[PDB]
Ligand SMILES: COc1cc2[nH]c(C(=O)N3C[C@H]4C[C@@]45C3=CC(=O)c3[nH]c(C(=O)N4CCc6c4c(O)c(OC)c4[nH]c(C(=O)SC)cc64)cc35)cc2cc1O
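Take a look at this one chain, the form deposited without the ligand, written out in C-alpha cells.
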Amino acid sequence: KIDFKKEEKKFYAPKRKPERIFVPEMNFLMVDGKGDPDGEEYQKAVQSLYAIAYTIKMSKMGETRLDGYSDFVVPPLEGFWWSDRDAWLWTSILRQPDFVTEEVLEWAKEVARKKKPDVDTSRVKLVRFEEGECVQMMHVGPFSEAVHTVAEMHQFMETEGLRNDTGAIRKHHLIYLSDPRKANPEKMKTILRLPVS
C-alpha cells in the first residue's frame, strides 16, 4: 500500500524553519474554483476529490481491473491559492498514484455517478505537475498568524539568493495536515510552500 507521507517524507514533514526543496512531477486530481471554503463551490470541490479518490482506492474490492493498480492511503488535501475570503481563487488537489490515467478517472466518474449520484465530479481533472524549486515551512497555529511564517520564508529567500515566484502562475501552496472541522485553530499544522527561482 502506497503512503506518500511515509515514502516521500520530506514533502510532507518540514520543520518550523524554511527549507529549500525541489518538488518533482506528481499526479493529481484537481478542481479549480472560487470563493469561501465554507461556500458551495469549495465544499463540492473537496467532496468530489475524495469521492473520486476513494472510488479508485476501493476498486481493489470490486470487479474492474485497473492497469497497474496499487492500494494507497489517500494523501492530505492540498490547495493552490491566489486572486475577503469570497474573492479567493483556488485549485483544490489530491495526489494520486501514477497508475491513475485519464481513463481511470473517466471510469471512476461513471462509478461515482451510479454509487454516489449526489456528487458532481464534472469539474475533477487529472493533472501531472512538477512544482519544481520551492521553499517550504511548517506553519503551526491559526491561518491569521501565517504572515509570520511567510515573512520568515521571505527572509530565507533573501539569505539564499532566491527570487519569489509567488503569483497567479506559480502559486501559493498549502498542504493541510489538520482538519479544521475537528481541531482548534491554535493546534493546526499546515505546510506553506512557495515557488522560487
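One-based numbering along the sequence shown.
The discussion below concerns the form solved in complex with the ligand, not included here.
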Contact flag, residue 107 vs the ligand in the entry with it bound, heavy atom cut 4.5 Å | no
Indicate whether the ligand has at least one heavy atom within 4.5 Å of a heavy atom of residue 174 in the entry with it bound.
-> yes
Would you check, heavy atoms only and a 4.5 Å threshold, whether residue 180 touches the ligand in the entry with it bound?
-> yes
So in the entry with it bound, does residue 126 come within 4.5 Å of the ligand, heavy atom to heavy atom?
-> no
Let me know the one among 27, 43, 164, 70 whose heavy atoms come within 4.5 Å of the ligand in the entry with it bound, would you?
-> 43
Of these, 32-40, 156-164, 128-136, 61-69, which stretch puts a heavy atom within 4.5 angstroms of the ligand in the entry with it bound?
-> 32-40
